[PDB]
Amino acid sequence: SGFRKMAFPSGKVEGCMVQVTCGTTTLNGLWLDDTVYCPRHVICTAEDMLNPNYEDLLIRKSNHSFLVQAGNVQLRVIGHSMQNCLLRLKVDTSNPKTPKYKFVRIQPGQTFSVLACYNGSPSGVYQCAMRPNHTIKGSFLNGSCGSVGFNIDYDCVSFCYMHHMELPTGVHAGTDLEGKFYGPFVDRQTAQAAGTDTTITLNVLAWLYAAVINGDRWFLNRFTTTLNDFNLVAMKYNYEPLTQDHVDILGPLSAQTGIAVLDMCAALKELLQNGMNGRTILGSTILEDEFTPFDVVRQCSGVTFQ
């Protein structure tokens, strides 16, 4: 038993991190087969950043404008193109540690593990959720650009995030592995603000099911609710509206616990209206929204402590 924000084991990703330098700018890149992926702003200098024209800035570089280092070893660049907000650098050597992989664009509310990296050297690993406002609450310092997010399913690594920027509120923004930003953000050193955020309702509910699987029932009640009545309370507490598709996703957890979804919604509504009255759930005093239903099934026992 127990319940923790767990990340995926990071080994397969560690063996793909490199350093990419252009001029005075060093950041991290990702070496799969004979391509290295990195944020396109590696080509920029201080001056360029308020208002860069990347097409203009890039045509002025050659292959040898880029230095790629994998550990001790210099990799020779032999090709370069820009794909949305990344560069793809062709190199002379195929990464022998390339895992089986794919690139996915993850959806708001989904979770992934981040491998924080500095100078191509992995520093730490942690789990986070893509927020509804398309940011992540990471932990990232100067040098972290190019750090990747990922999920692992059955020895296949699904890359989903590359790091690019920190916003004024201290949260983080970046792209998928085709270089398309998550959210309305752009890679310029300008003023941009996160949109207003909301609590991820589906995940809160999934975590309450986890608390029940792990043997705690205190917050349950004898009521039920309709969706719609649930949703009027949700809006007032800045929770995402729940939908029938979300109700259906909770099926498996519902069956493992014998608690119908709308019954767990009445439980949630009562917690939003009355507080937790100094009690905890899975050790927390707050309602947690950074575990998906999938995260719950993966970590919790397949048998309820009834």
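We number the residues from 1 along the sequence you see. We call the rigid core whatever largest set of C-alpha positions still superposes within 1.5 Å between the two forms.
Farther on average from this form in 9 other deposited structures of this protein lies stretch 294-302, the comparison being between 294-302 and 10-18 by RMS Cα distance after core superposition. Between 159-167 and 135-143, the larger root mean square Cα shift in 9 other deposited structures of this protein, once each structure is superposed on the rigid core, falls on 135-143. Stretches 227-235 and 158-166 differ in mean C-alpha B factor, with the higher average recorded for 227-235. For the two regions 129-137 and 68-76, the entry's Cα B-factors average higher over 68-76.
When the C-alpha B-factors of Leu250, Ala267, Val36, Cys44 are read from the PDB record, the largest value belongs to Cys44. The residue among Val104, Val204, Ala194, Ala173 whose C-alpha atom has the highest B-factor in the PDB entry is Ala194. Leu30 sits in the lowest third of its chain by CA B factor, as recorded in the PDB entry. Placement of the Cα temperature factor of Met6 within the chain: lowest third of the modelled residues, per the deposited record. Sort the modelled residues of the chain by CA B factor and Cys22 lands in the highest third.
Annotation for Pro108: CA B-factor lies in the lowest third of the chain's modelled residues. The PDB entry assigns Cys16 a C-alpha temperature factor belonging to the middle third of its chain's modelled residues.
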